[PDB]
C-alpha cells in the first residue's frame, strides 16, 4: 500500500502531504527531510525507484517540484510511477497549466484531488475524465 505521498520543491519545502500510516509530527518532519535528502541528490541517470527505510519511493521531477509516493517493497514500480503522472495530468487540467503556486494558494483543494485518486493507501480512481468531471461538479457547489 501507499504509506504516504509528498510533493516538494528543489528547496526541501513541502507543498502537499498525505499520510496513510500513523506517525507523530516529529516523525512526519523527519521523513519529510529524509525524502528530500535522497531525491534531490539524483540526476536523470538514476532510476525513479529507490529503497527508503523499510519501504521504497517512486519519484518523478516536473521542473522544480518532486512528486513522491512511498510504498511497500512488493508494490509495482511502474504502476506508481505512472499513477504519479496520471495525477499530474489531472492537476494540470484542473488548474489550467498547473504551477507551484497553484498548490500553495489552493492547497485545501489539492487534498480533494488526491482523495479522488487515492484513498486508504490505494489507487481509487484513475480516469482523468471522471476525476475532472467530479472535481468541476465539486467546484460549482456552495
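Numbering follows the first chain given and starts at 1.
On average the C-alpha atoms of 98-106 have higher B-factors than those of the other stretch, with 98-106 and 77-85 being the two compared. Between 38-46 and 54-62, it is 38-46 that carries the larger average Cα temperature factor according to the deposited entry. Remark: residue 19 belongs to the middle third of its chain, ranked by C-alpha B-factor as recorded. For residue 5, the recorded CA B-factor ranks within the lowest third of the chain. Only modelled residues enter the ranking. In this PDB entry, the Cα temperature factor of residue 92 sits in the middle third of its chain's modelled residues. Among the modelled residues of the chain, residue 11 sits in the highest third by CA temperature factor in this PDB entry.
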